[PDB]
Amino acid sequence: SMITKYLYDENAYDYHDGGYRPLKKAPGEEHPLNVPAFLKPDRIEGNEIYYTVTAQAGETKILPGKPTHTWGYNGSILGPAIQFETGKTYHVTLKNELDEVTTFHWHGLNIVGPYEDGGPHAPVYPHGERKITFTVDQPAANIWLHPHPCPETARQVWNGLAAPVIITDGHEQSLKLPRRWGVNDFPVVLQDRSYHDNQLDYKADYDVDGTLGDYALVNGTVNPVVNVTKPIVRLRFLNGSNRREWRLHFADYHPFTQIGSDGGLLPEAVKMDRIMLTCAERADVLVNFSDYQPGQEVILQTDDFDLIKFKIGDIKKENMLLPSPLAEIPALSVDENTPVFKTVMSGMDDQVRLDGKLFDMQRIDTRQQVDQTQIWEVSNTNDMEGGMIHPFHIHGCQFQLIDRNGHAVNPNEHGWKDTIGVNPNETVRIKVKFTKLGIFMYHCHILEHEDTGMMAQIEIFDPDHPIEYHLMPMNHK
Ligand SMILES: [Cl-]
Ligand SMILES: [Cu+2]
Ligand SMILES: [Cu+2]
């Protein structure tokens with residue numbers, strides 16, 4: 001009972017779209033996979049860690065010839081790996097060294113909003129700075145940072161801003177996991193881009209239904225290679241693309257083990273020979289290369305396209321061994337006096353809507369009490385023939401899946417999730433408990449759909465501990 005299918009509906013994959021373009025071989029030689037260094041703290045006082053993160057412009061050598069003008073956090077493209085630990089408090093200085101407004105959103109982080117959350121209510125102006133403070137109150141997980149200024153998010157991510165973020169805790173520490181960063185533990189941020197005289201040009205490539213790129217850009221590198229020197233490797237996959245889905249597998253269908261989802265370690269490790277990710281989903285995977293011989297090249301693909309080359313070195317054979325259960329996920333329970341909240345995604349291209357509306361920065365579409373678990377029922381009304389899979393995301397929480405069209409959820413969806421692909425004609429039920437007060441967004445994570453307005457806000461409140469929010473209209477740009 002290894003999983004041997006992608007877990008979304010094939011009738012609706014990206015490649016059914018009339019504008020779809022498959023990935024092509026990028027020019028130049030093979031390069032070692034870039035692995036970002038961890039961000040060093042500025043100061044440590046008690047359980048209080050100080051970081052600084054700066055959005056900035058630079059030049060990154062990507063393709064043969066001229067370098068590519070890009071944006072990055074603390075560097076020219078992407079960002080450093082940022083480590084958080086459950087129970088610690090962080091003071092993070094957010095500097096904007098670009099010439100337009102950004103925000104710093106910690107996708108997957110349980111943090112109050114709408115200011116610390118770094119969605120569209122939290123502009124950092126050009127040359128400006130904002131400071132946030134927060135305590136991490138969720139288990140170990142792979143999460144990420146990216147910008148969120150409505151309606152410029154898609155372009156900003158295109159231009160290069162995204163960083164991988166790791167939360168660790170004692171449980172994950174207790175496991176015997178590959179942990180030599182850049183040697184047997186890798187971030188794998190999957191993106192796709194097109195270039196024009198080696199440069200980015202979002203406006204040229206824009207599609208309102210989701211912008212696709214011609215080349216595969218992995219951690220900001222084209223034609224990547226990994227030298228395998230220890231056989232058990234952890235790969236922290238993130239779909240960081242604006243729209244493209246990634247259907248990941250080894251060329252020979254060599255099995256691997258999913259150990260984690262968006263919001264953490266899964267309750268049991270899942271053996272599979274392939275996995276599909278929609279926008280913003282994460283899968284934390286172990287691969288054991290021990291059955292290959294030194295000098296072999298093992299190729300990870302998406303669809304039939306060569307994605308990363310693994311060069312097998314002088315490799316002493318080893319075995320994985322994971323406990324069962326892998327982790328304890330506490331079940332949320334709902335009050336059973338509480339109704340089901342229904343939200344409906346509909347349309348494609350510029351006709352996308354969320355409950356028949358487009359986002360309004362001043363409109364609070366829904367409310368829900370802090371610490372109360374509620375069932376949400378998320379629907380996509382696109383046709384089975386011709387529709388698309390919309391990745392649905394909620395800020396400020398991790399949720400659990402109950403069912404997909406009344407049947408069992410996918411086998412890698414029994415833990416904590418924050419982004420969920422919703423297939424055409426499908427109805428998915430989740431359980432959602434908000435643990436922090438504030439205003440949070442929920443939306444499609446196809447960036448162009450988000451920017452069109454396939455997005456809504458929810459106010460999370462404590463009765464007799466109320467607060468009034470002074471939501472502003474969007475600045476006139
Ligand atoms: Cl390759
Ligand atoms: Cu988010
Ligand atoms: Cu969408």
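Quick note: residue numbers are just sequence positions, from 1. Whatever order the structure lists ligands and atoms in, that order sets their numbers, starting from 1. Side chains are part of it too, since the values below use all heavy atoms of this structure and drop only hydrogens, waters and symmetry mates.
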*Asks:* Quick one: closest heavy-atom pair of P391 and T278, and the distance?
*Replies:* CB-OG1, 3.5 Å
*Asks:* Under 2.8 Å from the Cu ion (ligand 2) - does any N, O or S atom of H393 fall there?
*Replies:*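 Yes - counting backbone and side chain alike, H393 has an N, O or S atom under 2.8 Å.
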*Asks:* Using the benzene-type ring in the case of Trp, are the ring centres of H121 and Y469 under 6.0 Å apart?
*Replies:*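 Centroid distance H121-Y469: not below 6.0 Å, so no.
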*Asks:* Minimum heavy-atom separation for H254 and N288, please, with both atom names.
*Replies:* NE2-O, 3.2 Å
*Asks:* The Cu ion (ligand 2) and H105: any N/O/S contact shorter than 2.8 Å?
*Replies:*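 For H105, the answer is yes, given that an N, O or S atom comes within less than 2.8 Å of the Cu ion (ligand 2).
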*Asks:* Do NZ/NE/NH1/NH2 and the carboxylate oxygens of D355 and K342 come within less than 4.0 Å?
*Replies:*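 Salt bridge between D355 and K342, a charged N being under 4.0 Å from a carboxylate O: no.
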*Asks:* If you stand at the Cu ion (ligand 3) and look out to ND1 of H390 and ND1 of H449, what angle do those two lines make, to 10°?
*Replies:* 120°
